[PDB]
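The structure appears right after this line, and notes come after that.
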Amino acid sequence: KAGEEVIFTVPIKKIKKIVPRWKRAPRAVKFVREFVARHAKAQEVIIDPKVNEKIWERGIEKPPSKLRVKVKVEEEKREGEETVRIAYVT
Amino acid sequence: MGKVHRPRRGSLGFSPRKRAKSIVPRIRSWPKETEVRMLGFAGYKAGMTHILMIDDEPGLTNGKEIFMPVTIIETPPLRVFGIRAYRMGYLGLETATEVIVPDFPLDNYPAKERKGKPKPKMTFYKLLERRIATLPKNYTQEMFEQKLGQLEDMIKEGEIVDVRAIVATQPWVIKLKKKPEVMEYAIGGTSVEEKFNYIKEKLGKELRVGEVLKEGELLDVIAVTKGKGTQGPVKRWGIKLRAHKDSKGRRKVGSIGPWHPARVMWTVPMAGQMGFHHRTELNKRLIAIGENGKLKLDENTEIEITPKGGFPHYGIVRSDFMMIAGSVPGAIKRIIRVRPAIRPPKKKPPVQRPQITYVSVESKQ
Amino acid sequence: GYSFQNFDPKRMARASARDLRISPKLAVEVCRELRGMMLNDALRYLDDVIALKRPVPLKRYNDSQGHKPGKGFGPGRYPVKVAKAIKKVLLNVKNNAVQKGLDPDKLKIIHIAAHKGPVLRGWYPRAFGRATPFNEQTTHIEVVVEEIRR
RNA sequence: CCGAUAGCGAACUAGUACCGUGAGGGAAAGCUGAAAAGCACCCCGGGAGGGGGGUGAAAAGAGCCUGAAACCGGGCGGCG
RNA sequence: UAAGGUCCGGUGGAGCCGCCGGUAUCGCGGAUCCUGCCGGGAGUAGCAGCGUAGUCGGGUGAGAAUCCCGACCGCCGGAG
RNA sequence: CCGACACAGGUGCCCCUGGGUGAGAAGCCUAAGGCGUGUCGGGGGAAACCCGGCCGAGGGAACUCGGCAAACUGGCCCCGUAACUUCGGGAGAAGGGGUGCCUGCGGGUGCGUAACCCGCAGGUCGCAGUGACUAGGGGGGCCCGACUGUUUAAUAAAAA
RNA sequence: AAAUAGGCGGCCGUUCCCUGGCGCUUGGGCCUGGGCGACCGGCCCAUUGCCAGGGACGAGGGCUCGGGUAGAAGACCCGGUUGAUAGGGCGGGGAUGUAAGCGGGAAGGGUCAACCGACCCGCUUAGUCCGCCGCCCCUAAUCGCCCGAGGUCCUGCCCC
């Protein structure tokens, strides 16, 4: 798939008991980052400060069970990648 | 020393406690022959249930209602790939030769819409292809050269000892593997020629719970138990607790041994593998055989099983099944093989087709 | 200096590194592993190490370090720092060789050997009033690459 | 007579650095080359780092005369 | 016999032997020796325990988890 | 600063009246103000084992030199309070009850409806109303020493 | 890894050319004198074989990716589009116990009016949630790397 856009829901559930609970929130973010990258078949991605806020909202300890995210695919120049994805909350 | 004795904790009789050599169970020990009938059969553990039966099962009443926990197991049908021949040597039993069957039917197989390329699965046993055992390379030719090799063995005549069967699974509804697990089962009779005739008919045949085994018998079960990982001295062997309140100690063996002797014995408790060990547990009552599940049109000898919502950690049960009494060694989704009993109790008689008052229909969750 | 034979006019190109602030032991595992390859394979090998993809097997020094899957010896680890640093040595043999009239990519790596150089030494605290050496090893690594082609 | 782990505490930045509240205690640290020509010019390198060319001779290239042993890499022979 | 002598090759680039008579701060394997240098230990332990803190965009730079800006999430509250 | 160390140490004052809380310079939360350099990161849902800590049926010290450790009680209000006695005390004995929110009143001090505080009745929810944090387990015999204090600064705080 | 170092079934590797030199070197059949025979001598054949110079092809397996019935690392097991492995969506099965809003009632108090109200009921067997199962290929199981040979150095059994 090429051109825009997928709306995806990423299951956060790995975050509990893969790492501990305060520091679920740094972990959630690595999961959001992986899920999107995986699905995209892409580099690490840039994700909007809005996803952060969403994960973070309750605090470090309590991140939410799902998070709905909108991703796009785009190219670049100079030499390099396909491989760049801009994703934000929906 | 108080001069007080402590009986040993743990056994060295199910020792050494270390990983299985294969996911398939192994076998050396075969039960009594007395009939020209299939020995040993296989399944996948589905889950567990509990059952109400009428005694039957001789014990402390022979007519009141009795609770018996039950393991529901989905058995696949099996397909005898080949006939393995043995010759008796000087040093032990060695395999003379084999007939295999390269030859290809199309498998009772289903799967799959999308749809444009159904892309045919029509199974020469593409499940053999997925089985990592290899194949000639001229199907007809190979089978016949082997069959001729068999004819020789039958002729000579007493050079040949007994017959066992290389038998493999057929995954035709199970989603937890798609690659034949391959095993050996013996074919017993009482004399070689009768086993030779039966194995030859058998080879092209998709077979049942019914063929192998009968309700109301007691059966052994052979299996690789569920893997815990490494566990403590506490867990593996059993350890007792100590004095007034110990922070420091608690889960501890103290002594490994004296000063001279200047060695460590192997019988002292330590950490290491627990589980993923092979076990044969004797004398489990065959509660039931049927096929489906979920609905059956007759109301006695089951009315048909399966909790709604499946079971936790098991797919849909729809194929031939067996419900066996009590505990079955292994994990959910593991291959278990069933072994007839070598001898069952004798102070407690087997009684055929035990009376099944009621079956569970609630989920394990 | 250099610790191997030369025929630099048309069959050898050389370069050396001095006082690279790197582990000598991790230089031992890369030099051995890398040895005998052509330059291009050696670039490729180093790039994989940095990605954290292909492990460098531990061999001669090997104790108390976790194994790594696949063909090659049981333990192994990834020396990222050394891989970056050695990549620069190799790059220098490559630019030089071209002035010299050798084509670098074809030339095979005969010899790579590591030398434990001077020792940066001091003190960091331990208990009971005592201070103990806290040292960084500074390492020289030489590379002499040689033509082979038909 | 000794000759730089020796001989004066100390061949020198010594009664220094440093220790100790103080009284007092107290080291180590010598050698380019004929000439500084103490590294221009040229190639490379993020590079104050490092490599090639440039000196009668650089195992004379900056605590630079010689340059051992322990010990460390590589290579050769042999064993494995 | 030997304590030790002597010759060749490489290295080194200014001093050195023999004989005879003398003389001694005169020969080193040990001294929980003294000092100096070095390896294994290890690429291990520590870089955890006390009220457990960071994180996303962006700026800069050869190199950025720990530099800076904003946002977001916290601790502290006679004390961080 | 001093402890060789940018040491969890420990050295004087002052801000001791920030807001909420509640007897409080208490805890927690939170404001001005400060910081995220009590300066190494990441990974394995992380298995054994070890430290801090949470929960355990039934039984209720069977453990052990010893209930050590730990638990329990718990704030506050009311009731009630033994042996003994140097009549001062014991005593907060012991044991029993209550405590939330709302709605509506009364009293005290004042001035006129402020600022607080102390009671009373009704309605009503939860397993639990000091729901958190804060927060004594109790009782009896005996030995010693009157007490409070001091002691081997750093294995003995005691009867010395 | 039992050194008497196993047994079976399948899969694999299982090569060329010019030019020069050699061939009872390598291999077979026949005649006759000698030999039991191998062998000597005579006759017949080789697209062949050998040395020197250059030269092909690549079975298995890991690494890889999605997860675990597995697990300290490593290993193990399964699936990888010849597919339902993981996630989404939906639906099935489970956990909790009535959501937000609104509407009515509600101790009372008030010009008993606009209303202030803890709480109760209806909406609503609601709402919220799942480490499980099915449907379903939408999304992600891509992309790509490697190591590992070359009927075997020499001998004997049967043919060549």
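Labeling convention for the structure tokens: chains A, B, ... as they appear, residues from 1 per chain, ligands from 1 in order of appearance.
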
Closest atom pairs, chain C residues within 12 Å of chain F, only C-alpha atoms (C1' of nucleotides), as CSV:
```
residue,atom,partner,partner_atom,distance
C:123,CA,F:5,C1',10.1
C:124,CA,F:5,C1',7.7
C:125,CA,F:5,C1',5.7
C:126,CA,F:5,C1',8.4
C:127,CA,F:7,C1',9.4
C:128,CA,F:4,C1',10.7
C:129,CA,F:4,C1',7.0
C:130,CA,F:4,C1',8.0
C:131,CA,F:4,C1',8.2
C:132,CA,F:5,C1',11.7
```

Any chance you can output those residues with N, CA and C atoms as a compact mmCIF listing (two decimals), in the first residue's frame?
```
# COMPACT_ATOMS: atom_id res chain seq x y z
N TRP C 123 43.04 6.88 39.52
CA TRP C 123 42.40 6.32 40.70
C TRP C 123 40.89 6.63 40.67
N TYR C 124 40.07 5.61 41.07
CA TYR C 124 38.74 5.90 41.51
C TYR C 124 38.50 5.27 42.87
N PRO C 125 37.65 5.75 43.82
CA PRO C 125 37.55 5.34 45.23
C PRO C 125 37.03 3.93 45.34
N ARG C 126 37.54 3.23 46.44
CA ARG C 126 36.90 2.13 47.11
C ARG C 126 36.85 2.42 48.52
N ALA C 127 36.15 1.58 49.33
CA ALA C 127 35.92 1.70 50.76
C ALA C 127 37.19 1.47 51.52
N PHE C 128 37.14 1.80 52.88
CA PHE C 128 38.15 1.55 53.86
C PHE C 128 39.32 2.52 53.65
N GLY C 129 39.14 3.74 53.18
CA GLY C 129 40.22 4.66 52.84
C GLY C 129 41.10 4.41 51.65
N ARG C 130 40.70 3.52 50.77
CA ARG C 130 41.64 3.03 49.73
C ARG C 130 41.14 3.51 48.39
N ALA C 131 42.05 3.71 47.43
CA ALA C 131 41.82 4.07 46.02
C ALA C 131 42.44 3.01 45.10
N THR C 132 41.86 2.68 43.97
CA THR C 132 42.30 1.52 43.19
C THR C 132 42.49 1.93 41.78
```

Write out as a PyMOL selection string which residues come within 12 Å of residue 135 of chain F when counting only C-alpha atoms (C1' of nucleotides), dropping same-chain ones fewer than 6 positions away. chain F and resi 26-27+73-76

Could you tell me which of F:44, F:36, F:9, F:18 comes closest to residue 74 of chain E if we count only C-alpha atoms (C1' of nucleotides)?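 Of F:44, F:36, F:9, F:18, the one nearest residue 74 of chain E, counting only C-alpha atoms (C1' of nucleotides), is F:36.
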
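Applying a distance limit of 10 Å to only C-alpha atoms (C1' of nucleotides), the residues of chain C near chain E read residues 23, 25, 26, 61, 62, 63, 64, 65 and 126 of chain C.
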
Store the residues of this selection in a file with N, CA, C and O atoms, as a short mmCIF file (atom, residue, chain, number, x, y, z; two decimals), in the first residue's frame.
```cif
data_model
loop_
_atom_site.label_atom_id
_atom_site.label_comp_id
_atom_site.auth_asym_id
_atom_site.auth_seq_id
_atom_site.Cartn_x
_atom_site.Cartn_y
_atom_site.Cartn_z
N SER C 23 39.27 -0.79 23.72
CA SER C 23 39.55 -2.04 24.45
C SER C 23 40.54 -2.79 23.58
O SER C 23 40.16 -2.98 22.42
N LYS C 25 41.05 -6.13 23.90
CA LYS C 25 40.49 -7.49 23.82
C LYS C 25 39.43 -7.58 22.68
O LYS C 25 39.41 -8.56 21.91
N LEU C 26 38.58 -6.54 22.57
CA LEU C 26 37.62 -6.37 21.54
C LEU C 26 38.28 -6.14 20.11
O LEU C 26 37.82 -6.65 19.11
N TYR C 61 39.67 -14.57 24.47
CA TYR C 61 39.04 -13.98 25.69
C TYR C 61 37.62 -14.18 25.50
O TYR C 61 37.08 -13.72 24.49
N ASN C 62 36.89 -14.80 26.51
CA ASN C 62 35.55 -15.24 26.24
C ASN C 62 34.74 -15.33 27.50
O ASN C 62 33.55 -15.62 27.33
N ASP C 63 35.26 -15.06 28.68
CA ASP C 63 34.65 -15.52 29.90
C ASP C 63 33.53 -14.62 30.35
O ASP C 63 33.77 -13.38 30.55
N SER C 64 32.40 -15.27 30.64
CA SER C 64 31.27 -14.88 31.52
C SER C 64 30.26 -14.07 30.69
O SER C 64 29.57 -13.22 31.21
N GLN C 65 30.22 -14.29 29.40
CA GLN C 65 29.46 -13.51 28.44
C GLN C 65 28.63 -14.46 27.67
O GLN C 65 29.07 -15.58 27.37
N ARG C 126 37.54 3.23 46.44
CA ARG C 126 36.90 2.13 47.11
C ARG C 126 36.85 2.42 48.52
O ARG C 126 37.32 3.46 48.99
#
```

Skip residue 96 of chain B itself and residues of its chain fewer than 5 positions away, then list as number ranges by chain all residues within 10 Å of it, counting only C-alpha atoms (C1' of nucleotides). B: 84-89, 149-150, 153, 159-161; G: 7-8

Within 10 Å of residue 26 of chain D, counting only C-alpha atoms (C1' of nucleotides), which residues qualify if same-chain residues fewer than 3 places away don't, as a list in words? residues 9, 15, 17, 18 and 19 of chain D

Okay, now the selection with C-alpha atoms (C1' of nucleotides), as a PDB file, in the first residue's frame?
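again.pdb, freshly written:
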```
ATOM      1  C1'   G D   9      67.269  14.239  51.526  1.00  0.00           C
ATOM      2  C1'   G D  15      63.830  20.637  51.372  1.00  0.00           C
ATOM      3  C1'   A D  17      55.003  18.053  45.047  1.00  0.00           C
ATOM      4  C1'   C D  18      52.635  16.055  49.071  1.00  0.00           C
ATOM      5  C1'   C D  19      51.234  14.409  54.333  1.00  0.00           C
TER       6        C D  19
END
```

Taking only C-alpha atoms (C1' of nucleotides) into account, what are the residues of chain G at most 9 Å from chain B, put as a PyMOL selection string? chain G and resi 7-11+69-71+77-79+82+84+92-94+132-134+137

Write to file, as a PDB file, in the first residue's frame, the residues of the selection just made, with C-alpha atoms (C1' of nucleotides).
```pdb
ATOM      1  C1'   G G   7      20.155 -49.818  12.897  1.00  0.00           C
ATOM      2  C1'   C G   8      16.620 -47.942   8.888  1.00  0.00           C
ATOM      3  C1'   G G   9      14.276 -45.147   4.992  1.00  0.00           C
ATOM      4  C1'   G G  10      15.120 -40.788   1.921  1.00  0.00           C
ATOM      5  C1'   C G  11      17.768 -36.624   0.167  1.00  0.00           C
ATOM      6  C1'   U G  69       2.303 -24.952  23.960  1.00  0.00           C
ATOM      7  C1'   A G  70       9.067 -22.708  25.201  1.00  0.00           C
ATOM      8  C1'   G G  71      12.532 -19.958  27.674  1.00  0.00           C
ATOM      9  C1'   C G  77       8.315 -25.410  19.271  1.00  0.00           C
ATOM     10  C1'   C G  78       5.014 -23.455  15.352  1.00  0.00           C
ATOM     11  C1'   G G  79       3.565 -20.550  11.441  1.00  0.00           C
ATOM     12  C1'   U G  82       1.058 -23.089  -1.332  1.00  0.00           C
ATOM     13  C1'   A G  84      -5.420 -17.558   9.662  1.00  0.00           C
ATOM     14  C1'   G G  92     -19.263 -15.805  20.470  1.00  0.00           C
ATOM     15  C1'   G G  93     -17.736 -16.841  25.629  1.00  0.00           C
ATOM     16  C1'   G G  94     -16.146 -14.574  30.303  1.00  0.00           C
ATOM     17  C1'   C G 132      -9.978 -16.744  25.430  1.00  0.00           C
ATOM     18  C1'   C G 133     -12.627 -18.518  20.737  1.00  0.00           C
ATOM     19  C1'   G G 134     -14.794 -18.065  15.721  1.00  0.00           C
ATOM     20  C1'   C G 137      -6.413 -11.794   4.731  1.00  0.00           C
TER      21        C G 137
END
```

Do a neighbour search on segment 79-83 of chain A at 12 Å with only C-alpha atoms (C1' of nucleotides), toss out local chain neighbours closer than 6 positions, and write the hits as JSON, numbers by chain. {"A": [2, 3, 36, 37, 38, 39, 40, 41, 42, 43, 44, 45, 46, 72, 73]}

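Atom CA of residue 21 of chain A is positioned 10.5 Å from atom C1' of residue 52 of chain E.
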
Considering only strand (DSSP E or B) as DSSP defines it on the backbone, what residues of segment 10-142 of chain C qualify? List them as a PyMOL selection string. chain C and resi 12-21+38+56-57+67+75-77+108-120+123-125+131-133+136-142

Residues of chain G within 7 Å of chain C, only C-alpha atoms (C1' of nucleotides) counted, as a PyMOL selection string: chain G and resi 62-63+73-74

I need the residues from that last selection saved to file as a PDB file, in the first residue's frame (with N, CA and C atoms (P, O5', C5', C4', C3', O3' and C1' of nucleotides)), if you can.
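Okay, this is what ended up in again-v4.pdb:
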```pdb
ATOM      1  P     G G  62      17.792 -24.574  10.263  1.00  0.00           P
ATOM      2  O5'   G G  62      18.706 -23.376  10.606  1.00  0.00           O
ATOM      3  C5'   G G  62      19.612 -23.567  11.736  1.00  0.00           C
ATOM      4  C4'   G G  62      20.687 -22.497  11.745  1.00  0.00           C
ATOM      5  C3'   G G  62      20.273 -21.060  11.880  1.00  0.00           C
ATOM      6  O3'   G G  62      20.316 -20.739  13.168  1.00  0.00           O
ATOM      7  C1'   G G  62      21.442 -21.123  10.064  1.00  0.00           C
ATOM      8  P     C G  63      19.482 -19.600  13.903  1.00  0.00           P
ATOM      9  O5'   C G  63      19.874 -18.285  12.993  1.00  0.00           O
ATOM     10  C5'   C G  63      20.651 -17.192  13.482  1.00  0.00           C
ATOM     11  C4'   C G  63      20.900 -16.144  12.482  1.00  0.00           C
ATOM     12  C3'   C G  63      19.660 -15.430  11.997  1.00  0.00           C
ATOM     13  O3'   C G  63      19.339 -14.512  13.063  1.00  0.00           O
ATOM     14  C1'   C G  63      20.697 -15.759  10.193  1.00  0.00           C
ATOM     15  P     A G  73      16.688 -16.216  27.865  1.00  0.00           P
ATOM     16  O5'   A G  73      18.196 -15.814  27.613  1.00  0.00           O
ATOM     17  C5'   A G  73      18.596 -14.478  27.462  1.00  0.00           C
ATOM     18  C4'   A G  73      20.059 -14.414  27.062  1.00  0.00           C
ATOM     19  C3'   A G  73      20.323 -15.173  25.731  1.00  0.00           C
ATOM     20  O3'   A G  73      20.063 -14.381  24.589  1.00  0.00           O
ATOM     21  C1'   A G  73      21.605 -16.016  27.271  1.00  0.00           C
ATOM     22  P     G G  74      18.992 -14.832  23.558  1.00  0.00           P
ATOM     23  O5'   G G  74      19.430 -16.338  23.030  1.00  0.00           O
ATOM     24  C5'   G G  74      20.605 -16.399  22.128  1.00  0.00           C
ATOM     25  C4'   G G  74      21.378 -17.725  22.275  1.00  0.00           C
ATOM     26  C3'   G G  74      20.728 -19.003  21.779  1.00  0.00           C
ATOM     27  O3'   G G  74      20.813 -19.093  20.322  1.00  0.00           O
ATOM     28  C1'   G G  74      21.813 -19.261  23.900  1.00  0.00           C
TER      29        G G  74
END
```

Proximal residues of chain F relative to chain A (only C-alpha atoms (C1' of nucleotides); 10 Å) as JSON, numbers by chain: {"F": [43, 44, 45, 46]}

Could those selected residues go to a file with C-alpha atoms (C1' of nucleotides), as a PDB file, in the first residue's frame?
```
ATOM      1  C1'   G F  43      16.372  -5.229  27.201  1.00  0.00           C
ATOM      2  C1'   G F  44      14.039 -10.135  29.344  1.00  0.00           C
ATOM      3  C1'   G F  45       6.232  -9.881  31.404  1.00  0.00           C
ATOM      4  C1'   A F  46      11.831 -10.612  34.261  1.00  0.00           C
TER       5        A F  46
END
```

DSSP on the backbone, helix (DSSP H, G or I) only: what residues of segment 82-323 of chain B does that give? Format it as a ChimeraX atom specification. /B:126-130,139-155,192-202,209-212,233-237

Which residues are close to segment 63-79 of chain D, i.e. within 12 Å by only C-alpha atoms (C1' of nucleotides), leaving aside same-chain residues fewer than 6 positions away? Reply as an MDAnalysis selection string. (chainID C and resid 2:5 24:25 27:29 31:32 35 60 110:118 139:144) or (chainID D and resid 29:33 38) or (chainID E and resid 11:14 37:40)

List every residue of chain F that has an atom at most 6 Å from any atom of chain B, and for each one report the closest atom pair and its distance in Å to one decimal, counting only C-alpha atoms (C1' of nucleotides), with rows sorted by chain and then by increasing residue number, as JSON lines.
```
{"residue": "F:47", "atom": "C1'", "partner": "B:230", "partner_atom": "CA", "distance": 5.8}
{"residue": "F:48", "atom": "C1'", "partner": "B:232", "partner_atom": "CA", "distance": 5.2}
{"residue": "F:63", "atom": "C1'", "partner": "B:244", "partner_atom": "CA", "distance": 5.7}
{"residue": "F:64", "atom": "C1'", "partner": "B:244", "partner_atom": "CA", "distance": 4.6}
```

Those selected residues, please, written with C-alpha atoms (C1' of nucleotides) and delivered as a PDB file, in the first residue's frame.
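Full text of out-v6.pdb as output:
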```pdb
ATOM      1  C1'   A F  47      12.650 -18.238  35.305  1.00  0.00           C
ATOM      2  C1'   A F  48      15.865 -19.710  40.164  1.00  0.00           C
ATOM      3  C1'   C F  63       8.354 -22.859  65.766  1.00  0.00           C
ATOM      4  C1'   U F  64      12.259 -21.400  68.855  1.00  0.00           C
TER       5        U F  64
END
```

Any chance you could tabulate, as a Markdown table, the residues of chain E at most 12 Å from chain A with each one's nearest atom pair and distance in Å to one decimal, using only C-alpha atoms (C1' of nucleotides), in chain and rising number order?
```
| residue | atom | partner | partner_atom | distance |
| --- | --- | --- | --- | --- |
| E:52 | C1' | A:22 | CA | 8.5 |
| E:53 | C1' | A:23 | CA | 8.8 |
| E:54 | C1' | A:26 | CA | 8.5 |
| E:55 | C1' | A:26 | CA | 6.9 |
| E:56 | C1' | A:49 | CA | 5.4 |
| E:57 | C1' | A:49 | CA | 6.4 |
| E:58 | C1' | A:49 | CA | 11.5 |
| E:70 | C1' | A:49 | CA | 11.4 |
| E:71 | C1' | A:49 | CA | 7.9 |
| E:72 | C1' | A:53 | CA | 6.0 |
| E:73 | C1' | A:59 | CA | 5.9 |
| E:74 | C1' | A:60 | CA | 8.7 |
```

Preceding selection exported with N, CA, C and O atoms (P, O5', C5', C4', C3', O3' and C1' of nucleotides) as a PDB file, in the first residue's frame:
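Heads up, here's the output in out.pdb:
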```pdb
ATOM      1  P     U E  52      13.810   6.343  46.378  1.00  0.00           P
ATOM      2  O5'   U E  52      13.159   5.798  45.041  1.00  0.00           O
ATOM      3  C5'   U E  52      14.018   5.659  43.904  1.00  0.00           C
ATOM      4  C4'   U E  52      13.353   5.181  42.590  1.00  0.00           C
ATOM      5  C3'   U E  52      12.488   6.208  41.802  1.00  0.00           C
ATOM      6  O3'   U E  52      13.042   6.405  40.510  1.00  0.00           O
ATOM      7  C1'   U E  52      11.470   4.024  41.877  1.00  0.00           C
ATOM      8  P     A E  53      13.887   7.691  40.228  1.00  0.00           P
ATOM      9  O5'   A E  53      13.286   8.131  38.841  1.00  0.00           O
ATOM     10  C5'   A E  53      13.945   7.840  37.610  1.00  0.00           C
ATOM     11  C4'   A E  53      13.653   8.927  36.560  1.00  0.00           C
ATOM     12  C3'   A E  53      13.950  10.367  36.965  1.00  0.00           C
ATOM     13  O3'   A E  53      14.413  11.145  35.861  1.00  0.00           O
ATOM     14  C1'   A E  53      11.581  10.187  36.370  1.00  0.00           C
ATOM     15  P     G E  54      15.831  10.938  35.143  1.00  0.00           P
ATOM     16  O5'   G E  54      15.390   9.857  34.058  1.00  0.00           O
ATOM     17  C5'   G E  54      14.919  10.261  32.773  1.00  0.00           C
ATOM     18  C4'   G E  54      13.436   9.950  32.642  1.00  0.00           C
ATOM     19  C3'   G E  54      12.915  10.184  31.252  1.00  0.00           C
ATOM     20  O3'   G E  54      13.101   8.998  30.485  1.00  0.00           O
ATOM     21  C1'   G E  54      11.525  11.320  32.747  1.00  0.00           C
ATOM     22  P     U E  55      13.670   9.179  28.996  1.00  0.00           P
ATOM     23  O5'   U E  55      12.401   9.613  28.197  1.00  0.00           O
ATOM     24  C5'   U E  55      11.273   8.739  28.095  1.00  0.00           C
ATOM     25  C4'   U E  55      10.027   9.486  27.562  1.00  0.00           C
ATOM     26  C3'   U E  55      10.328  10.318  26.281  1.00  0.00           C
ATOM     27  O3'   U E  55      10.241   9.408  25.141  1.00  0.00           O
ATOM     28  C1'   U E  55       9.294  11.859  27.747  1.00  0.00           C
ATOM     29  P     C E  56      10.979   9.773  23.762  1.00  0.00           P
ATOM     30  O5'   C E  56      10.054  10.771  23.029  1.00  0.00           O
ATOM     31  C5'   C E  56       8.697  10.429  22.579  1.00  0.00           C
ATOM     32  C4'   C E  56       7.937  11.631  21.939  1.00  0.00           C
ATOM     33  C3'   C E  56       8.649  12.474  20.837  1.00  0.00           C
ATOM     34  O3'   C E  56       8.457  11.776  19.583  1.00  0.00           O
ATOM     35  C1'   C E  56       7.918  14.031  22.384  1.00  0.00           C
ATOM     36  P     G E  57       9.407  12.209  18.424  1.00  0.00           P
ATOM     37  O5'   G E  57       8.665  13.505  17.897  1.00  0.00           O
ATOM     38  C5'   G E  57       9.410  14.549  17.317  1.00  0.00           C
ATOM     39  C4'   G E  57       8.635  15.866  17.316  1.00  0.00           C
ATOM     40  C3'   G E  57       9.493  16.993  16.857  1.00  0.00           C
ATOM     41  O3'   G E  57       9.559  17.135  15.412  1.00  0.00           O
ATOM     42  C1'   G E  57       8.768  17.572  18.860  1.00  0.00           C
ATOM     43  P     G E  58      10.984  17.057  14.711  1.00  0.00           P
ATOM     44  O5'   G E  58      11.643  18.397  15.042  1.00  0.00           O
ATOM     45  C5'   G E  58      11.029  19.617  14.667  1.00  0.00           C
ATOM     46  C4'   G E  58      11.643  20.842  15.483  1.00  0.00           C
ATOM     47  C3'   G E  58      13.163  21.063  15.410  1.00  0.00           C
ATOM     48  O3'   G E  58      13.535  21.774  14.179  1.00  0.00           O
ATOM     49  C1'   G E  58      12.453  21.204  17.641  1.00  0.00           C
ATOM     50  P     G E  70      11.378  27.392  27.726  1.00  0.00           P
ATOM     51  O5'   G E  70      10.218  26.656  26.955  1.00  0.00           O
ATOM     52  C5'   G E  70       9.513  27.438  25.978  1.00  0.00           C
ATOM     53  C4'   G E  70       8.464  26.559  25.263  1.00  0.00           C
ATOM     54  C3'   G E  70       7.575  25.632  25.996  1.00  0.00           C
ATOM     55  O3'   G E  70       6.482  26.290  26.570  1.00  0.00           O
ATOM     56  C1'   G E  70       8.474  24.475  24.296  1.00  0.00           C
ATOM     57  P     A E  71       5.760  25.614  27.814  1.00  0.00           P
ATOM     58  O5'   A E  71       5.011  24.406  27.288  1.00  0.00           O
ATOM     59  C5'   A E  71       3.921  24.451  26.360  1.00  0.00           C
ATOM     60  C4'   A E  71       3.529  23.108  25.798  1.00  0.00           C
ATOM     61  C3'   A E  71       3.294  21.984  26.941  1.00  0.00           C
ATOM     62  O3'   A E  71       1.999  22.043  27.455  1.00  0.00           O
ATOM     63  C1'   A E  71       4.801  21.032  25.566  1.00  0.00           C
ATOM     64  P     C E  72       1.509  21.726  28.952  1.00  0.00           P
ATOM     65  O5'   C E  72       1.633  20.142  29.007  1.00  0.00           O
ATOM     66  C5'   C E  72       0.910  19.201  28.201  1.00  0.00           C
ATOM     67  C4'   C E  72       1.516  17.828  28.205  1.00  0.00           C
ATOM     68  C3'   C E  72       1.726  17.290  29.680  1.00  0.00           C
ATOM     69  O3'   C E  72       0.466  16.750  30.147  1.00  0.00           O
ATOM     70  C1'   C E  72       3.809  17.043  28.569  1.00  0.00           C
ATOM     71  P     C E  73       0.205  16.850  31.665  1.00  0.00           P
ATOM     72  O5'   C E  73       1.323  15.880  32.273  1.00  0.00           O
ATOM     73  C5'   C E  73       1.188  14.452  31.931  1.00  0.00           C
ATOM     74  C4'   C E  73       2.231  13.649  32.756  1.00  0.00           C
ATOM     75  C3'   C E  73       2.408  14.011  34.274  1.00  0.00           C
ATOM     76  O3'   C E  73       1.412  13.445  35.153  1.00  0.00           O
ATOM     77  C1'   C E  73       4.676  13.876  33.429  1.00  0.00           C
ATOM     78  P     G E  74       1.252  13.920  36.618  1.00  0.00           P
ATOM     79  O5'   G E  74       2.373  13.213  37.418  1.00  0.00           O
ATOM     80  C5'   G E  74       3.020  13.769  38.587  1.00  0.00           C
ATOM     81  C4'   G E  74       4.502  13.273  38.732  1.00  0.00           C
ATOM     82  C3'   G E  74       5.177  13.702  40.012  1.00  0.00           C
ATOM     83  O3'   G E  74       4.800  12.822  41.094  1.00  0.00           O
ATOM     84  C1'   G E  74       6.745  14.240  38.369  1.00  0.00           C
TER      85        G E  74
END
```

Residues near segment 21-28 of chain E, cut-off 12 Å, only C-alpha atoms (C1' of nucleotides), skip fewer than 4 positions along chain, as JSON, numbers by chain: {"D": [1, 2, 6, 7], "E": [3]}

Within 8 Å of chain A, which residues of chain G are there when counting only C-alpha atoms (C1' of nucleotides)? Please give them as a VMD selection string. chain G and resid 87 to 88 139 to 140 142

Which of G:144, G:97, G:156, G:103 sits closest to residue 127 of chain G [using only C-alpha atoms (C1' of nucleotides)]: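 Looking at the shortest contact to residue 127 of chain G, the residue is G:97.
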